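Beneath this line is the structure, given in structure tokens, with notes to follow.
What follows is calculated from the coordinates using simple rules that are stated; it is not laboratory data. Cβ placement follows ideal geometry from the backbone for every residue including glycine, while neighbour counts extend to all protein chains displayed.
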Amino acid sequence: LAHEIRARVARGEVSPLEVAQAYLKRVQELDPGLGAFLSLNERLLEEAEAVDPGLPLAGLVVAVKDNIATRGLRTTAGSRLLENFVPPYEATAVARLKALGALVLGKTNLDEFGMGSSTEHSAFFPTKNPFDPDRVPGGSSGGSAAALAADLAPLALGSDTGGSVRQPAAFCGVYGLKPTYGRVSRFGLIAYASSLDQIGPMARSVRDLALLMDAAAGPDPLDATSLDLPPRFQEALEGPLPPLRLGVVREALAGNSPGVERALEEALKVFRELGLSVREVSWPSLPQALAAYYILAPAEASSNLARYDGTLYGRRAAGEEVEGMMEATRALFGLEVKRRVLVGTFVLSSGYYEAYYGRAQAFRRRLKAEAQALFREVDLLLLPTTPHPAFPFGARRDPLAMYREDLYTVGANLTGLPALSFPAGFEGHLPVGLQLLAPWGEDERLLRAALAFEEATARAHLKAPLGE
Amino acid sequence: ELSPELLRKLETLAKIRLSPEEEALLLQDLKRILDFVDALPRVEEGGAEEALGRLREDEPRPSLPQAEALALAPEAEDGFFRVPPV
RNA sequence: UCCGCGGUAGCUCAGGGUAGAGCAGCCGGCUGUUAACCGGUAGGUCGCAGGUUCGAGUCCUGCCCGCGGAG
Ligand SMILES: [Zn+2]
């Protein structure tokens, strides 16, 4: 629907200003109940919507996760520490969309600092799943997903560190791409695990993902970890193998809910009638990756969130002392954050560094290896984004029980491998997602292979309650 | 294998002051989590990859205007960031 | 320096209500033992100095010593 809008705009049938007014209204009427947006781009939207040339993304408006810097707009990262913070600079990704006519609708709700899998850890309020108001939209990009599924926005930006983009996309029945680590800039991302973080696109159609990526991705002189690889995404004008080899991961086959297994089998039939060589492969140490993640990520998180004392920009907790202020200000963290940064400090702490961090590092290198070997025999890998559909609020608030949500998605980050969650059917009224991932740098492969599926099937995309 | 003393030590290193209620709570969580993680198998690691990093040229880039910088500060005084004394 | 296990007969180690067992020692028995064994018996700064308890080897505060482990 995104590319459809830009079409109507370029032909003079509609003006960008019209599109904004339309979406702004819908938000003001639906968001109250949904709770998808934290902040909204004030008068600076209507004003900005009436000065645009018919640029590639002119008529388009984007919903950005609130841990991504937007100059002049409140970027809280879903935390109390930053509930009044307003960046004097703009995230490279966001900056690029803006230069192509795009505009920010508002800022999306997330789990505090991106650490969460249900949005139930937002310092402000939870977000509701448009398909079922009694169930979570996933996390931590729960807001962005929820916004898309309710057509509160044509495009959306999220953040992925352990599946924070895929898991929500699955729960809300939309597309979520985690870019190969280095494709999209991290400059402007209030990130928590530097080695694993990546800004990811999400949309209601694969052609739309192409729009975002083509605009957002690319080398940034400010990010020393960015790759010099031209996007070239919108060349999804398919000359697609036929005949790619697809490998299904055994380890992720057992433990899935009826609707996931069902959606999985059906997808295979589809890829076969498409000309793919489907074969079962082995991801030996994949099941043990969840552990390595919750020792590598928390480690980097402790050091990344260390900067948040009340000195230069956060909230001040008003201690009236020297260290007592820093100590009191950081107490404003949420239960989940505290938990993680305490773990992170332990894993790096003296006497435990090699015993844990050093251990998890060596294991992280195994996965990359086992993956290199797998892509010597297959061209794509398939598994569920999650073993089940969205769960109901309150259901899974146990430290470990929450961590296992990211069981299938953690691997993509530890390896850097691009991965895409796509609506692969339902089980009842709740959407179900499948995760399709490729070797490094071949992000466009994933996209075209999903265009094939999105087409071979009419559409497994339901718009819970959507309209222009 | 996690004593209340370590928690204190950790919360010290992380400069995070939690309530005695949270301490008892987090004490149970951390235990379970550190057990889950400890299940991680040990593995051999190979050569530390090839170095392909890049360097930035020594060319000046415009700075923030003092006004915009201090606007983030909870407390400022005569062009300085103001914090409680040491 | 920190951390984790240790310190009990001589030697090597068992364990909130006489502190115990086999090795050797002592007494008694046995003509083929290979680390002989059978009975009886003797053997103590439970690490040291302070607490809780009616009662502490056992629990809890500090220190000495040994081994091991950390970028
Ligand atoms: Zn500078």
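Yes/no matrix, rows are residues, columns are (1) surrounded by 15 or more Cβ atoms within 10 Å (Cβ to Cβ); (2) more than 22 Å from residue B:48 (Cα to Cα); (3) away from RNA strand C (no atom under 16 Å from the Cβ):
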residue	(1), (2), (3)
A:351	no, yes, no
A:355	no, no, no
A:366	yes, no, yes
A:370	yes, no, yes
A:383	yes, yes, yes
A:387	yes, yes, yes
A:390	yes, yes, yes
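Of all the residues that make up region A:226-253, how many are surrounded by fewer than 15 Cβ atoms within 10 Å (Cβ to Cβ) and outside any helix (DSSP H, G or I)?
Residues in region A:226-253 being surrounded by fewer than 15 Cβ atoms within 10 Å (Cβ to Cβ) and outside any helix (DSSP H, G or I): 10 in total.
Of everything in region B:43-54, what is at the interface with another protein chain (Cβ under 8 Å from one of its Cβ atoms) and loosely packed, with under 10 Cβ neighbours inside 10 Å? Give them in sequence order.
B:44, B:46, B:53, B:54
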Exercise. Looking at residue B:34, is it in contact (Cβ under 8 Å) with a residue 24 or more places away in the chain, in contact with a helix residue (DSSP H, G or I) (Cβ under 8 Å, 6 or more places away or on another chain), assigned to a helix (DSSP H, G or I) and surrounded by 11 or more Cβ atoms within 10 Å (Cβ to Cβ)?
Worked result: yes
For this session: Test residue A:403 against the stated conditions and say whether it is within 16 Å of RNA strand C (Cβ to nearest atom) and surrounded by fewer than 23 Cβ atoms within 10 Å (Cβ to Cβ).
Result: no
For this session: Kindly state which helices (runs of 4 or more DSSP H) lie completely within region A:315-375 and contain at least 3 residues that are more than 10 Å from chain B (Cβ to nearest Cβ).
Result: A:358-374
Problem set entry | Which numbered condition residue A:272 fails, given (1) surrounded by 16 or more Cβ atoms within 10 Å (Cβ to Cβ); (2) under 24 Å from residue A:434 (Cβ atoms) | (1)
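Does region A:331-343 include one or more residues that are within 16 Å of RNA strand C (Cβ to nearest atom) and within 17 Å of residue B:14 (Cα to Cα)? Quick ask: steps written out before the conclusion?
The initial filter retains those residues of region A:331-343 that are within 16 Å of RNA strand C (Cβ to nearest atom), namely A:343.
Narrowing the set further to residues that are within 17 Å of residue B:14 (Cα to Cα) leaves A:343.
Yes, some residue in region A:331-343 is within 16 Å of RNA strand C (Cβ to nearest atom) and within 17 Å of residue B:14 (Cα to Cα).
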Exercise. Give me the pairs: first residue in region B:1-12 and closer than 15 Å to residue A:344 by Cβ and more than 10 Å from RNA strand C (Cβ to nearest atom), second residue outside any loop (DSSP other than H, G, I, E, B) and polar (S, T, N, Q), beta-carbon distance under 6 Å, and six or more apart or on different chains, which are they?
Worked result: B:10/A:345
Exercise. If you take the residues in region B:1-22 that are assigned to a loop (DSSP other than H, G, I, E, B) and aliphatic (A, V, I, L, M), which one is farthest from the other protein chains (Cβ to nearest Cβ)?
Worked result: B:2
For this session: State which residue is surrounded by the fewest Cβ atoms within 10 Å (Cβ to Cβ) when the search covers only region A:80-99 and only residues that are away from every other protein chain (no Cβ under 14 Å) and assigned to a loop (DSSP other than H, G, I, E, B).
Result: A:99
Seminar exercise, completed: Result of the Cβ filter at 8 Å on region A:5-22, keeping first residues that are of a type in the set (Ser, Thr, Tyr) and partners that are crowded, with 16+ Cβ neighbours inside 10 Å and outside any helix (DSSP H, G or I), at least 6 apart or interchain, is A:15/A:59
For this session: Would you please list the contacts, defined by Cβ atoms under 8 Å and residues six or more apart or on different chains, that run from a residue in region B:58-86 that is facing chain A (nearest Cβ under 7 Å) to a residue that is in a loop (DSSP other than H, G, I, E, B) and charged (D, E, K, R)?
Result: B:73/B:82; B:74/A:315; B:74/A:316; B:81/B:75; B:83/B:75; B:84/A:320; B:84/A:321
Exercise. Which number in (1) more than 22 Å from the chain's Cα centre (by Cα); (2) more than 30 Å from residue B:18 (Cα to Cα); (3) buried (at least 19 other Cβ atoms within 10 Å of the Cβ) marks the one condition that residue A:342 misses?
Worked result: (2)
Problem set entry | Condition check for residue A:420: more than 10 Å from chain B (Cβ to nearest Cβ) and either over 27 Å from residue A:110 (Cα atoms) or touching a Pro at 6+ places or on another chain (Cβ under 8 Å) (or both) | no
